[PDB]
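Single-structure report; data block below.
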Amino acid sequence: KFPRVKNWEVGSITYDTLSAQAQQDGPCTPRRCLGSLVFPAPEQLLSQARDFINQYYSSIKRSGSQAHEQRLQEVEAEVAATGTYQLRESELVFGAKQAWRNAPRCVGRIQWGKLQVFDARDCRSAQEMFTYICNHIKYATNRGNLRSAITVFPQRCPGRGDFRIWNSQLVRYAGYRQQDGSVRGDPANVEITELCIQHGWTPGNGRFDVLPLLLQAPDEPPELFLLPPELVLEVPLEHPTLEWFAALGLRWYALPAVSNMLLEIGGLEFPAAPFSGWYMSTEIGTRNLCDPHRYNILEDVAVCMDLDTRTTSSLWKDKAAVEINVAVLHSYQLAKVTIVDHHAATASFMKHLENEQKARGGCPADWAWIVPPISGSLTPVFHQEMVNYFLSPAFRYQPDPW
Amino acid sequence: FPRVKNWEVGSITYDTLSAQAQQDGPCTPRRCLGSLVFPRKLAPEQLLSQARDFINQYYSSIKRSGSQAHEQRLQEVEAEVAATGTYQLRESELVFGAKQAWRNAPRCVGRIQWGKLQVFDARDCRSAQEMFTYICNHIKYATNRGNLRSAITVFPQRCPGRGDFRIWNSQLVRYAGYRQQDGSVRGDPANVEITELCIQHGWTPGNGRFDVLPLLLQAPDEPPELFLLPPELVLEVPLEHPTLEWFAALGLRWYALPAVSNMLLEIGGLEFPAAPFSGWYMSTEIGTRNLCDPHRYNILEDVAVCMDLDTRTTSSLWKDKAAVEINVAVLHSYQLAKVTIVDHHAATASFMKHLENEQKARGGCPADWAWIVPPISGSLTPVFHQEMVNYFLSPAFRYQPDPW
Ligand code: HEM
Ligand code: HEM
Ligand SMILES: Cc1cc(N)nc(CCc2cc(F)cc(CC[C@@H]3C[C@H](F)CN3)c2)c1
Ligand SMILES: Cc1cc(N)nc(CCc2cc(F)cc(CC[C@@H]3C[C@H](F)CN3)c2)c1
Ligand SMILES: Cc1cc(N)nc(CCc2cc(F)cc(CC[C@@H]3C[C@H](F)CN3)c2)c1
Ligand SMILES: C[C@H](O)[C@H](O)[C@H]1CNc2nc(N)[nH]c(=O)c2N1
Ligand SMILES: [Cl-]
Ligand SMILES: [Cl-]
Ligand SMILES: [Cl-]
Ligand SMILES: [Gd]
Ligand SMILES: [Zn+2]
Ligand SMILES: [Zn+2]
Ligand SMILES: [Zn+2]
C-alpha cells in the first residue's frame, strides 16, 4: 500500500515506501488534488524531538545505544524544566542538511550533503546578525566559485520575540512604483522596497538597485543595513552572437540566498536561517527576466531579434526566451560565476532520485516545481512520476513579520 | 471551497464545483500523487443513482427542472432498469453526455471547443465490418479535406453478460514500429506492441518509419479481425521547414487526425468501451512529444546535427533550439497543407478563456496542471502561473484495460 512510481521515458518502476512516514498533512484529499497550489504543546514537541533524535542516531549507525537513550532522556528532562530544549551542534548540522534533503521543490538536492552550516545561535542583536550575514555572503560567493551555506540564528523560545530577516532573499533588486502606474525595477520586490523607504532608506531610481537588509532582533523594530557594494557580486548580461543585447543594460546577481523561510528541526523552530546555493539558468533567464509580472523583457528581445510578433504561430516567444537563457549561461561563464543549466540540473536530480530510493526508499518531489519552466519534456524529470509529501526536518513558509 | 490564485495577474477565485466530485482520486493528506499517469488503477442499485444524477443535470442545463417531462423521464429510467437491469439513452442525452465528458476531461487543453461536437450514434451496430464503416465515416467527416471537425462515434454500450465492442489500436491512425536485430525500432516505438499484434493476426509488415497500421476491430465475443484503412482516407502532412531547406530531406511526415480509440466513455452509469473521438492537433504534441521524446522518434539530435549546433555541451541549449525549429516546421507544414492545427500559445490562451467561462457557468473547472501546461515553453503560456484543481466529474472519459 505504497504507491508505485514509474518513469515513462525508460520503463523503470519503484515503490515509494518513504511516503508512509510522512510527518505532516498536505492539501490534497481523495476528492480533489491541490498539488499545484503555491501555498499548500509540551507533549507534541516531545514526539517531534524523539523522532528527530532517532533520525540523528540512525545516520551515525548508533541507534538504540546508550548515548541514544541518554540523549532521549536529556531532552524530555529539559522540556520538563524549560519547556523547550537545545540541539547539539552535530544535530544542528545534521538537521539543516536533512531539511534541504527533504525539500520537495529543490531540484538541486544532489548536493544536500555538501552544506556549510554556520551556527549563529549565540547571536545577540541586529548588528551581530548583520555581521553574520555579510560573513555568509562572502563565504558563499567565494569570488564566483559559489558554495552552499546556511546560517542558523537563535530558535524561537518563550519570552522573546523572533529574529527575522524581512527580505525574501539577501540580494534583491528594488521595485519602484512609477508615474505610468507601473513598476521600475523588479515588480516582485515592490512591498519590501516600500518598507525600506519608510524605515529611512534613501531609494535610487534605477532598475537594478540592490535593496538594504531589514533585520529584526527580538522585540525590536527592524533595523536597516546596507550591504557593502563589494560584497554583492553581479553579472552583466551579454549574448555571444547578438551584440545589441549588451545594450539592454541587464544584470543579475550571483548569489541566490533565501532568507524568509522557517527551518524546523525536531520541534524547534528557527524563524531566521537564510540559505544560499547557486542559480539554475532558467530561474534568471526564464522566470526573473521573462515573466510578464517580472522584468518582462520577452517582447523587447523578440522585436530586437526581428521576429514576427503579430502571430503566435511564429513561436517568437519560445525563440526569444531561448536566446535570453543562452545569454544568461554565456554571461555567468564569462564572469566565472557558478551556474547550472536546466539540462545538467535535471540530469543530476535523476541521479539524486536513484540515490534516495536506495537509502530511504523514496524521495519527496513536487513535479510542477522540479520540471523546468521551458523545455520541460526535453529533460528527464518530465517523464518521471513523483510523490510529494512533507518530511521533517524541513523548511516551511512563514507569514511576513509586518 | 479551495482558494485558487493566478500568480501572474493576482486574481482569486473559489472552486465550488470540486465539492460536487464523487469518484475519488489517488491523493491523500499524507501524500500527493498528482503526477501519476494512471490514478484510479483499472446489485444494480448503483446504476440508478448514477442514472438519476445524469438525468437531473441534463434537465438542469435546459432550464426544465421541476415539472414538465423532467418528472416523466425519471420514471422511465426506473422502469427500464427494473425491467431490464440496464437502460438506453435518448439521443439528446447521449449527445449531451458526450459533450459533458469532453467538458469534464481534466487533461484536455482544448476544451473551449467542448460545445461544438458532432456525435455519431453507432449503437445499433452488431458487426466488425459495420464498425469499420462507422470508423471510416467518422475519419472522413472529421478530416474533411483538412478543415478538421471534432467528432465522436459511440458504439454499443456494455451490457450485463455477453461481450464488448473494442478498438485495439490506441488511435485510429498510428505508425508501425518494427523491432530489429539489436532491439531498436524502425518507425514509432510507442506502437511496437500493437504492430506485433497486427502481424500475428494477418498483417504483412511494411517498408519503414511511417507505415500506417491496420485497424484491429473486435466485435463482441469474436476475435479481432484486421482492417486496412484506405490511403485516401488517411490525410498526412509531409513536414518541411520554411528556411531550413534540408528539413524536407529528412523525410518526416505526420497524420492530420488525432483520434483516440482506447478510452471508455461513461454516461449515467452506462459504459461504452468503444467510443472513438477526434479533434485537431496542438502543434507541440507532434513536434515536441511524438518527434522529440527519447522513447519516440527521438529526432532531436538529428535535427541539431544538420543545424550545426554545439552538441558538445548542454549549456549551448542545443536541445531547446532544435525543438523550437521542429515545432516551427510542424506549424508551417500543417498551415501550407491547410490542415487545422493550433500552436500552444493560442491553445493555452483559449483555455484561460475556458476557465473564466466555466467559473461563471459552473463555479470552476477540473484541470490537471501537469498535462494542461505545454511540454515546451511552459512558463511562457498563461496556464503556467494559474493554480488548478483536479477532481473527477461524471460524465467522463476513463482509461480501461487493454483487451488482451
Ligand atoms: C546549490 C545548488 C542549488 C540549486 C541548483 C537549487 C535549485 C533550486 C531551484 C531551481 C528551486 C525551485 C525554483 C525553480 O523551480 O526554478 C529550488 C527550491 C528550493 N531549494 Fe534549492 N537550490 C540549491 C541549493 C539549495 C540549498 C543550499 C537549500 C537549503 C539549504 C535549498 C533549499 C531549497 C528550498 C527550501 C526550495 C523551495 C523554495 C520555496 O518553496 O520557495 N536549495 N532550489
Ligand atoms: C478540438 C481540438 C482538441 C485539442 C486541441 C485537444 C488537445 C488536447 C491535448 C493537448 C491533450 C493532452 C495531450 C498533450 O498535451 O500532449 C488532450 C487530452 C485529452 N483530450 Fe483533448 N483535444 C481536442 C479535442 C478533444 C475532443 C473532441 C475530445 C473528446 C470528445 C477530447 C478529449 C480529451 C481527453 C479524454 C484527453 C485525455 C487523454 C488521455 O488522458 O489519454 N479532446 N487534448
Ligand atoms: C538556495 C536556492 C538556490 C537556487 N538556485 N534557487 C532557489 C529558489 C529560489 C526561488 C525560486 C522560486 F521559483 C520561487 C522562490 C520564492 C517563491 C516562494 C513561494 C512562496 F510565496 C514564498 N516564496 C524562490 C534557492
Ligand atoms: C482528440 C485529441 C486531440 C489532441 N490534440 N490530443 C489528444 C490526446 C492524445 C494523447 C496525448 C498524450 F500525451 C497521451 C495520450 C495517451 C496517454 C494515456 C496513457 C495510457 F496508456 C492511455 N492514455 C494521448 C486527443
Ligand atoms: C501554479 C504555479 C506553478 C508553478 N510551478 N510555479 C508558480 C509560481 C510560484 C511563484 C514563484 C515565485 F518566484 C514567486 C511567487 C510569488 C510569491 C511571493 C510571495 C509574496 F506574496 C510575494 N510573491 C510565486 C505557480
Ligand atoms: C510523469 C508525468 O506526470 C507524465 O509523463 C506526464 C506529464 N505531463 C504530460 N503532459 C502531456 N501533455 N503529455 C504527457 O504525456 C505527459 N506526461
Ligand atoms: Cl530568484
Ligand atoms: Cl518597435
Ligand atoms: Cl499523438
Ligand atoms: Gd551578431
Ligand atoms: Zn494531489
Ligand atoms: Zn514565472
Ligand atoms: Zn513525452
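Side chains are part of it too, since the values below use all heavy atoms of this structure and drop only hydrogens, waters and symmetry mates. Naming convention: chains lettered A, B, ... in sequence-line order (proteins, then strands); numbering from 1 in each chain. One-based numbering, in listed order, for ligands and for the atoms of each.
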[X] N/O under 3.5 Å from ligand 1 N/O:
X        : value
A:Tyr397 : yes
A:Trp369 : yes
A:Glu283 : no

Tell me: protein heavy atom nearest [atom], and distance?
atom                    : answer
atom 17 (C) of ligand 3 : A:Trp369 CH2, 4.4 Å
atom 6 (N) of ligand 5  : B:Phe384 CE2, 3.9 Å
atom 8 (C) of ligand 5  : B:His385 CD2, 4.1 Å
atom 15 (C) of ligand 5 : B:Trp7 CE3, 4.5 Å
atom 5 (N) of ligand 5  : A:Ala368 O, 3.1 Å
atom 7 (C) of ligand 5  : A:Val38 CG2, 4.1 Å

With a heavy-atom distance limit of 4.0 Å, tell me whether [X] approaches ligand 5 through its side chain, its backbone, both, or neither.
X        : answer
B:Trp369 : side chain
A:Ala188 : neither
B:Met388 : neither

Below 30° counts as parallel, above 60° as perpendicular, anything between as tilted: where do the rings of A:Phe395 and A:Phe275 land?
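Taking A:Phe275 first and then A:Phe395, their aromatic rings sit tilted (interplane angle of 30° to 60°).
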Protein heavy atoms: any of them under 4.0 Å from atom 24 (C) of ligand 3?
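Not a single protein heavy atom is under 4.0 Å away.
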Within 4.0 Å of atom 12 (C) of ligand 3 (strictly less), any protein heavy atom?
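Protein heavy atoms within 4.0 Å of atom 12 (C) of ligand 3 - there is at least one.
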Is the distance between the ring centroids of A:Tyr295 and A:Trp252 less than 6.0 Å?
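That pair passes the under 6.0 Å test.
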Would the A:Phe52 and A:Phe94 ring centres measure less than 6.0 Å apart?
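Yes.
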Do the side chain of [X] and the main chain of [Y] share a donor and acceptor less than 3.5 angstrom apart?
X        : Y        : result
A:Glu283 : A:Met280 : yes
A:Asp119 : A:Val152 : no
A:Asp400 : A:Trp402 : no
B:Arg30  : A:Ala22  : yes
A:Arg207 : A:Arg251 : no
B:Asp368 : B:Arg107 : no

Please could you name the atoms of ligand 1 that A:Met280 approaches to less than 4.0 Å, counting only its heavy atoms?
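Under 4.0 Å from A:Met280, ligand 1 has these atoms: 10 (C).
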Are A:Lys97 and ligand 1 in contact, using a heavy-atom cut-off of under 4.0 Å?
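So A:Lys97 does not count as touching ligand 1.
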Applying a strict 4.0 Å limit to heavy atoms, is A:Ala345 in contact with ligand 1?
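Per 4.0 Å heavy-atom rule, A:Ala345 does not contact ligand 1.
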Should you measure from each heavy atom of [X], which atoms of ligand 3 turn up under 4.0 Å away?
X        : answer
A:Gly277 : 1 (C)
A:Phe275 : 1 (C)
A:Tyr279 : 5 (N)
A:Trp278 : 3 (C), 4 (C), 5 (N)
A:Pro256 : 1 (C), 3 (C), 4 (C), 5 (N)

Are any of the N/O atoms in A:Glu283 less than 3.5 Å from those in ligand 3?
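There is such a contact, yes.
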Pull out every atom of ligand 5 sitting under 4.0 Å from any heavy atom of A:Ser36, numbered as shown with elements.
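Taking each heavy atom of A:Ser36 in turn, ligand 5 has 1 (C) under 4.0 Å.
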Does ligand 5 come near enough to A:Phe39 that some N or O of the ligand is less than 3.5 Å from an N or O of the residue?
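The answer is no, given that A:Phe39 and ligand 5 share no N or O pair closer than 3.5 Å.
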May I ask whether A:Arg287 places a heavy atom under 4.0 Å from ligand 5?
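Yes, A:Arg287 has a heavy atom closer than 4.0 Å to ligand 5.
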A:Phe118 vs A:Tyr132, test: ring pair (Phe, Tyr, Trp, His ring centres under 6.0 Å). Steps then yes/no.
CA-CA 9 Å; A:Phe118 295 111; A:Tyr132 276 115; 8.7 Å; no
